[PDB]
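See below for the structure under consideration.
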Amino acid sequence: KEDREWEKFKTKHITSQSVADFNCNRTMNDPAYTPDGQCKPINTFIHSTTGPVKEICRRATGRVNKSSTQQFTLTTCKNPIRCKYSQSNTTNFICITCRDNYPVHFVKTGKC
Ligand code: NA
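Numbering (the entry's author numbering), first residue to last: 3 to 114.
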């Protein structure tokens, strides 16, 4: 169900918060943004409106990994000590799995 996979991707990997306001310790432990479970060893959050992320797949057909053509601001929450994280940010391209027009999986930072 590609729309629901997209919803899971949005929740897990796209943040509506600014780089400054984003808080790894809150979000990584908040069920609302962690549909695979809380306190994971790593996660990459894309600071973007959903449209531009979705348009990574604009020319995608079937199931295929696509690189973004532009860079995104990214927060990495990593290396938890009792679910308390190192937090850092950078800009980079991203590599996602598209199912048709829908991002359904975060593959890697950088190009595919
Ligand atoms: Na960069």
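Every residue gets a Cβ at the ideal spot worked out from N, C-alpha and C, and that includes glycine.
Please determine, among the options, the residue with the shortest C-alpha to C-alpha distance to residue i.
| i | options | result |
| --- | --- | --- |
| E7 | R65, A22 and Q19 | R65 |
| residue 1 | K110, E9 and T13 | A question about residue 1 goes unanswered here, because the residues of the chain that appear run from 3 up to 114. |
| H15 | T92, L76 and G112 | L76 |
| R60 | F108, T99 and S20 | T99 |
| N81 | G53, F74, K42 and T71 | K42 |
| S50 | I83, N103, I96 and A62 | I96 |
I'd like to confirm something about residue i: is its beta-carbon nearer than 7 Å to some heavy atom of the ligand GDP, or not?
| i | result |
| --- | --- |
| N91 | The ligand GDP is absent from the structure shown, which contains only the ligand NA. |
By the DSSP assignment, the beta strand (DSSP E) with residue i in it spans what residues?
| i | result |
| --- | --- |
| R65 | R65 to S69 |
Am I right that residue i and residue j are in contact with their C-beta atoms under 8 Å? What's the rounded C-beta distance?
| i | j | result |
| --- | --- | --- |
| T46 | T93 | So it is not a contact: roughly 12 Å between Cβ atoms. |
On the criterion of 16 or more Cβ atoms from any shown chain inside 10 Å, does residue i qualify as buried, or is it exposed?
| i | result |
| --- | --- |
| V109 | exposed |
| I48 | buried |
| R28 | exposed |
Where does the unbroken alpha helix (DSSP H) through residue i begin, and where does it stop?
| i | result |
| --- | --- |
| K3 | Note, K3: premise wrong, no alpha helix (DSSP H); not H, not E. |
Unbroken beta strand (DSSP E) runs of length 3 or more, entirely within the segment 71 to 107: which are they?
74 to 83, 86 to 94 and 96 to 101
Hey, which unbroken runs of the beta strand (DSSP E) at 3 residues or more fall wholly within the segment 18 to 61?
44 to 49
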